[PDB]
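Notes follow once the structure below has been shown.
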């Protein structure tokens, strides 16, 4: 789906009971396969040691008549990845409702041993595991489509920092450009 | 014709010497102590600024 | 509340009841050239009533499967009234803009657009070493259209929604003045874009200043009984216009 | 001395004030401090955004073009070697400069020259120190046509003489754009009938360099390789843009092939696997 | 002395060394419409640099036997630059004028012209009950020509120098702003004619405001060795121009 | 006519009707074939980037009894070269008369996108197209010659400038001057 | 800090004041500002006539004469090499100095020496560093006659020793004219009977230079080439003149062949062709 | 024995050091900051100076 615009759509729909995992991804701005090519991921791929808080913002692009609540968690490491919703709400979470306000903010705070992290993939510094969950399902009335699209945004808070320059691993050339 | 300013050192733990030699401004050293910023024209690019407490286009 | 917005420019007024906001560029409101930046010396003509007014371009439809549109905007108003005439007879032109994009839908519809005003959007060709014709980067008020696949036509712009023509990552294309027409709340989108250029007064035919890109992210999904044809209407208006160097007509 | 913002303390709250709910449909980027989601303590944070400034990010020496030319051959064009001045032939320095649309910087050039002795029958020579001449030529200047042509005289043009065994040469170049900023992007034509070339190339107009050996016809050819390191400084940049995803193709356009937006996951939901 | 006169209007300057004077209409200098006489309500466009400038019309020759010329003057500048464009795209136009007529001759030549600017010069037809075509009262910058005899052509203006087209006595035709280009002293003639009309702002295609008439009284008499071709060149410039009621192009 | 003094004479004479083009030339002080060897052209051939206004001055060297008016235009580019007199008077012009004052001044103002131009022949910076035109013909009485000579002068205004040094393209030597 | 003149605003005018009409028949150059032809706006122009001053225009290093001399040969005149001091042998520096009639400048000389090994049977030598001696000689001084003649001793004369592998030598020369200004033009004879030589050559009287290798008879000849770069400074110039159209012929006169005044057009009136 | 003067920089956007070393004036550096001019003896080389408003030898 990366050879298309389909990669930005997070699908979400009415479930049978409740409490399933829509999406979920590691927090590595520079070493992930999710936020690798985003603007924050590009700038941090020009750096090596970063710190500070990261905002996510979730626009809901469904219909004007459907509602639903979504648990937006953050699980710091030491434990694994929470496999059900009961294990997911024991971290920094937020319970977001869909109304007039179509976009939420999960402002991930800074919980860390060291001051600074690493951009590259390593074992000593791991960050957290975003996992989104149905708080309820999507109740939609008749003559409306069932499935919709959630988007995700990313940015940085007031105390974000980068420390060491380097070359980014995205430049892959062979010869000169005559 | 000397200029004295503080070195770059970390918090919780100087006064170097700078003399401008050559007869131009393209010979002056790189001004690597400009820490100024203002994210007011890349965030909040708006008229009718938000409050963060009001429901923000209610 | 602040959902009802009115804009009066000359003799044309846009009244919307479900607007979002007005994004004023990078904070700077349009202004005439103050004489600390003056380069040329003859007196310019500032019409201010027959030029600073809303001009409506062509309307395009948005089906379930449409991929995008782009308009060059010192060129799509080539033949729209006295802005077009005073573009033709002069040599240097400086003007701000005010984009407004009408697109309406009911509450049982869903979808989301993206209205980004990219300066200096230099686009790559479909083939690697081919010269683009002038009638494919722009067609005036006739809108061009992205293709979602790998386009491979001759003398054609590289149409790919996941590159935005320039080869940039299209998710990262929100650094510019952008608004989101999510169809559940908003009726339109307003961008007041000032004139960003490296020269103070530039020509208005040789140079394509910027490109308005509408790229749908959430597709127009709806039931089996609703109205299929949902158009998209774009109407802009220059601001603080002035013109330097009157000469004989034409461009060559 | 400018610090980053600290953390203010917060507590248990039940308000109608909603930092979590915002309208991203207006293009306004939300401004939520972590003191408004959970109960954060007092943090006296001493981070300084020092090595992320636009001066600090671009003021590093970067190669642009390798120039190869020998001291004796059979053809006069394989002796000296020229180069048209542009920064858009190596993707690292080009990709670092293509965050922005317009920039204003002075250039500080440093040449690094290495000499490789070629293979022949009579390589056992007693070779003295080589000498190099680098004659800048403004746009429209005279064309050097040999290693002994009388256009290398530099009655006005900038030149530099180097002898192998010293520190590399260094000179500065002021802001030479005829407009107000070096246009890394120009969306337009050259002819006013919207024809001609499309660039990005109409506004290069930088002039060109020339290289030759000052020494005469030696009895053994020596392959010379000189590397040019641009180093901008006093940098002001305006109206940024996202970086380039697809790989580059040429120097005189922006053309490419479509690349996938990232690398796939083969899953969509994380778990303990 | 006061024989050397200069006139600067925009980006075009006339310098003459043997002028006579400047006849300012009926004493009143051109002026914009003060709002004690305001009729319409939308904001007018006053270009003031790309409009208030000298436009050169066609040049005609004066042999020994030529009889006269007439130009309608809101119509002869139909297609002269942005005055022509802003004539076309609007509906009501108000402007003064500034006539200058170049015609030079040596000291061994003799003759005298007469440059009269007649308002509302409604001309009679050649036949009594025939409809005049539009291409005979005016031809734009192409000058019409009087005929000294009793002209009797079809669909044609009554050409007679002893009636001035209107049937008035042509010797009595000097009540208007007039100057005499007697070839022994003068190089040119200047008439600053303000806008005289019964309505404050009028259209500029339906209405012919006035007629510039050059009628030779003393014929171009000269020796058998002098230069025969002595041209007459006319160059005018509007003043205090403004335009009301922008609409779509054309006239019908 | 360059191998003679004839090259400085601009001939002008009585025409049949009116409105012809006596002379006309591009405005490239350093890259033209007209003002190439004039003093302004020589100094600007020692430079590369210039700016400022240029004066032309037209002495009339005819007889003491002939008169005539001449339209001295300046057409900035974007359009071509005006082919008749009606297209010529839509630029910066002047209407010059011949009397006691034998010389005119067409002071070409500064209308430009950039601050500075280029001396060399290029496409991005073009200047303007001087074109002289009969406003009237030349009326001359008997026992005087018909044809005369107009001269042209050139200079610079108060705000003229040059920026980059280089070598001029006029020095063409082969060996030393023993 | 001296700016160029700005632009004053103007308006619609009808006056007897005529800036357009002037009398060029008096030799007075007219002074029309563009604020008197058309309606020009207010322009705050910040151009500075900086790099057009007479100091900035001529203070560039320019070559005057190449000197070639070997370190061992068969004839004593092909070893060392002399040169009579004059600036009128290369058309670039000469043509830049011939704007004026009289000038007053101090000269700052820089020599650039290159050594080319000749071809022989025994080119594989272990050659130490070469050494060069440049003995200035005032007019009437002793004549060196060999590389081993005892007139090279410099009991008073200015000299300089250079070793290959360093920065090039540089020395300054003050104003040495016996009059008040270096006459680039002298219309007169030498004998008071209006005979003799005609110059331009009667007032050169600058002295002459000499070059030799300080090293002894080497076992391999090395062709040495030294370039002299004059660099004037502290320049005052008087009573200018137009530059030279025709090409040069010699150094001791002003003689030439007639050249056409420009290149032809083959048309006279421009059009769209 | 130091002399401090301003560098050459453009308008709208210094104080270098100069010490005179050698014992002569032919060793002093090139005075490349003389911007003075007066076109009063190449233009207007005249007696009875013009006014530009009078007809200038009427």
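Every chain is named by a letter (A, B, C, D, E, F, G and H) in the order it is written, and numbering of its residues begins at 1.
Keep this in mind: a contact is a pair of C-beta atoms (placed from the backbone, for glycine too) under 8 Å apart; a residue touches a chain by one contact, two chains touch by 3 or more.
Colleague: With centres defined by CA atoms only, which chain is the most remote from chain H?
Modeller: Relative to chain H, the chain whose C-alpha centre sits farthest away is A.
Colleague: Determine the centre-to-centre distance between chain A and chain F, using the mean Cα coordinates as centres, and give it in whole Å.
Modeller: 69
Colleague: Distance from the CA centroid of chain A to that of chain B, rounded to the nearest Å?
Modeller: 31
Colleague: Using CA atom averages as chain centres, what separation in Å is found between chain B and chain E?
Modeller: 66
Colleague: Pull out every residue in chain C that's touching 2 or more other chains.
Modeller: Chain C, residues with two or more chain partners: 20-21, 23, 26, 36, 40-44, 90, 150, 162, 169-172, 175, 177, 180, 182, 185, 199-200, 203, 205, 246, 251-252.
Colleague: Could you list the positions in chain D whose residues touch two or more of the other chains?
Modeller: Expected reply: 18-19, 21-29, 32, 48-49, 56, 155-156, 179, 190-192, 242-243, 245, 249-250, 258, 260-261.
Colleague: In chain F, what residues contact two or more other chains?
Modeller: Correct list: 53, 77-78, 80, 90-92, 94, 96, 100-101, 104, 109-110, 114-115, 164-165, 167, 173.
Colleague: Output every touching chain pair, sorted by label.
Modeller: Contact pairs between chains: A-B, A-C, A-D, B-C, B-D, B-H, C-D, C-E, C-F, C-G, D-F, D-G, E-F, E-G, E-H, F-G, F-H, G-H.
Colleague: Touching chain H in the complex: which residues of chain B?
Modeller: Touch residues, chain B against chain H: 1, 19-25, 28.
Colleague: What residues of chain G sit close enough to touch chain D in their complex?
Modeller: Chain G reaches chain D through residues 60-63, 90, 92-93, 96, 112, 114-117, 119, 123-127, 130, 164-166, 168, 223, 225.
Colleague: What residues on chain D touch chain G, complex-wise?
Modeller: 122, 124-126, 128-129, 131, 153-156, 161, 163, 165, 214-219
Colleague: Residues of chain D touching chain F in their complex?
Modeller: Chain D residues touching chain F: 138-142, 150, 155-157, 178-179, 190-192, 196, 202-203, 205.
Colleague: Give the list of chain C residues in touch with chain E in this complex.
Modeller: 10-11, 42-45, 47-51, 81-82, 85-86, 89-90, 243, 246
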